[PDB]
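Take a look at the structure below.
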Amino acid sequence: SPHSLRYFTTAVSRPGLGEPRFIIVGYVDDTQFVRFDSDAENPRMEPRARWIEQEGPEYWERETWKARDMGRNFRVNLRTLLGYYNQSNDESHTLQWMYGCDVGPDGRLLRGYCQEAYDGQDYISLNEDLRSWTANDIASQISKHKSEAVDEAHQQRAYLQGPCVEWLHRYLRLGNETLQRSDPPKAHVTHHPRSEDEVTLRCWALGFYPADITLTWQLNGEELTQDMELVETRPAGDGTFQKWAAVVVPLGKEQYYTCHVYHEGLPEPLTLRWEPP
Amino acid sequence: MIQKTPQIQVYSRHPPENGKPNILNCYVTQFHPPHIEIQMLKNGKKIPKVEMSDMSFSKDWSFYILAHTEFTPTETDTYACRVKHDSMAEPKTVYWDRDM
Amino acid sequence: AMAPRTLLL
Ligand code: NI
Ligand code: NI
Ligand code: NI
Ligand code: NI
């Protein structure tokens with residue numbers, strides 16, 4: 001509609017310990033549904049959405065063992081990269097891996113992702129063809145060369161084209177009521193003096209799902225302002241999201257400005273402006 | 001690593017009304033590395049039981065996390081989120097403003 | 001469900 005299943009994996013080395021901290025979170029669209037944290041109480045794959053609690057112990061046992069296996073491999077990978085970069089074992093380093101599938105309205109794979117970063121920088125990524133890799137420096141070239149030798153691409157491609165899509169379909173069925181919905185935003189404009197003769201107008205969108213949204217401001221008769229303060233879309237904590245966008249305008253000219261709110265749940269945008277009480 | 005400095009937002013789940021129970025969120029984004037200390041305070045004092053969730057990373061590899069706690073806005077009580085991260089020498093306290 | 005294996009870097 002479209003939809004996606006994505007996993008986000010993070011391994012952090014700890015100079016002065018054995019095991020790195022290893023975390024996995026899984027998402028369908030904008031909803032986190034599973035988490036594994038090696039340092040947790042306890043270190044198993046566990047639910048983060050009510051609807052996944054529908055899976056039997058077999059599911060939970062198998063994902064926990066896969067998480068544990070991946071953690072061991074990420075431990076190895078961190079040590080391997082220390083070597084590639086000639087780095088010492090007295091500092092912390094990070095490996096991140098994001099992967100998953102986007103599927104279209106007909107339930108078919110639109111694109112697959114499989115990419116890693118070392119210390120927050122692009123390391124290696126599976127190309128859109130799902131057949132070849134992009135490296136970013138000498139170390140990642142070695143990794144790329146190794147993955148070509150063992151045909152890793154075909155293993156990841158098989159997953160992304162098959163099980164990833166199929167599991168996404170299962171999850172969409174399990175969590176249909178919350179995943180397959182649009183809650184449109186409710187919006188209002190607030191007014192806050194900024195100086196003697198300037199006012200901050202803030203256009204709020206609240207209670208919306210999914211997270212994608214766009215707010216625009218403009219002076220009536222002109223193109224959209226670029227001079228706009230925004231915040232990153234943020235979780236309300238109840239499965240919906242919030243966002244706001246602000247402009248500073250002259251006192252007494254508040255109503256010459258208009259905010260529009262666009263969202264998948266709105267056939268037409270909401271149109272708002274400051275209304276004195 | 002290339003350190004990235006956290007962006008912090010402190011806000012309520014529902015539009016605040018004095019004496020009406022609510023949820024206070026501290027949402028921290030765009031930081032690297034992922035290790036971070038987040039405390040939520042009431043009148044300068046550490047709030048005991050704070051939940052953490054929604055922790056992952058963005059397309060630019062930077063991390064985000066949500067802390068939250070139950071709270072009832074009053075005319076007098078002050079709330080803030082104090083964040084310590086390797087990218088900053090000193091912790092950073094962001095006070096809750098009903099208008100943000 | 002998660003991928004069966006990760007890359008060996
Ligand atoms: Ni004020
Ligand atoms: Ni219009
Ligand atoms: Ni710490
Ligand atoms: Ni809660």
Side-chain angles (χ1 to χ4, degrees), chain A residues 10 12-17 20-21 23 37-40 91-94 184-185 187-205 213-225 228-229 244-249 251 254-263 266-275 277, chain B residues 1 3 5-6 8 10-12 15-16 18 26 28 31-40 46 50 52 55 63 65 67 73-100:
Chain A
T10 297
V12 190
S13 62
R14 296 183 270 214
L17 288 173
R21 175 169 209 189
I23 300 161
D37 180 345
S38 66
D39 297 352
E91 294 189 20
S92 195
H93 290 277
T94 71
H188 65 282
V189 176
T190 59
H191 180 281
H192 188 102
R194 151 111 164 187
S195 72
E196 278 91 343
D197 62 11
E198 281 155 317
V199 168
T200 297
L201 296 181
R202 185 166 284 115
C203 184
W204 290 86
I213 191 164
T214 295
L215 307 180
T216 69
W217 268 108
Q218 75 199 289
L219 177 53
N220 295 158
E222 313 271 348
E223 182 60 281
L224 306 189
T225 95
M228 186 170 45
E229 182 189 25
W244 63 252
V247 281
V248 168
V249 312
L251 190 298
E254 293 96 322
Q255 301 197 304
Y256 283 99
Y257 295 81
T258 301
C259 174
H260 295 71
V261 181
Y262 299 80
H263 184 266
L266 300 164
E268 290 288 321
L270 297 172
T271 305
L272 305 89
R273 72 121 148 72
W274 168 246
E275 304 175 30
Chain B
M1 312 217 251
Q3 294 178 338
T5 177
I8 305 165
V10 182
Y11 55 103
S12 58
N18 290 347
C26 184
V28 186
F31 61 90
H32 210 287
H35 177 63
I36 198 163
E37 194 186 301
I38 298 166
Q39 280 174 323
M40 303 189 77
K46 180 171 80 170
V50 173
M52 312 288 271
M55 188 202 173
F63 290 87
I65 189 169
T74 57
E75 186 77 338
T76 189
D77 293 328
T78 184
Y79 294 88
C81 188
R82 183 170 58 202
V83 175
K84 186 70 168 296
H85 185 252
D86 289 345
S87 62
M88 312 175 297
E90 293 165 7
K92 167 89 193 176
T93 306
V94 181
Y95 293 84
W96 178 55
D97 164 21
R98 12 235 311 182
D99 297 89
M100 291 174 88

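Atoms within a ligand are numbered from 1 in the order they appear, just like the ligands themselves. Letters A, B, ... mirror the listed sequences (proteins, then strands); counts begin at 1. Hydrogens, waters and symmetry mates play no part in the numbers below; they use all other heavy atoms, side chains included.
Counting heavy-atom neighbours within 6.0 Å of A:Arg194 CZ, excluding the residue itself, gives a total of 12 or less.
Shown here for A:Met228 and A:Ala245, the closest heavy-atom pair between the two residues is SD-CB, 4.1 Å. Of all heavy-atom pairs spanning A:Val12 and A:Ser92, the tightest one is CG1-OG, 3.2 Å.
For A:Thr10 (side chain) and A:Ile23 (main-chain N/O), no donor-acceptor pair under 3.5 Å exists by modelled atom type.
With a 4.5 Å cut-off on side-chain heavy atoms, A:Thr258 and A:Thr271 count as touching. Looking only at side-chain heavy atoms (C-beta outward), B:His85 and B:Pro33 come within less than 4.5 Å of each other.
Protein N/O/S atoms closer to the Ni ion (ligand 2) than 2.8 Å number 1 in this structure.
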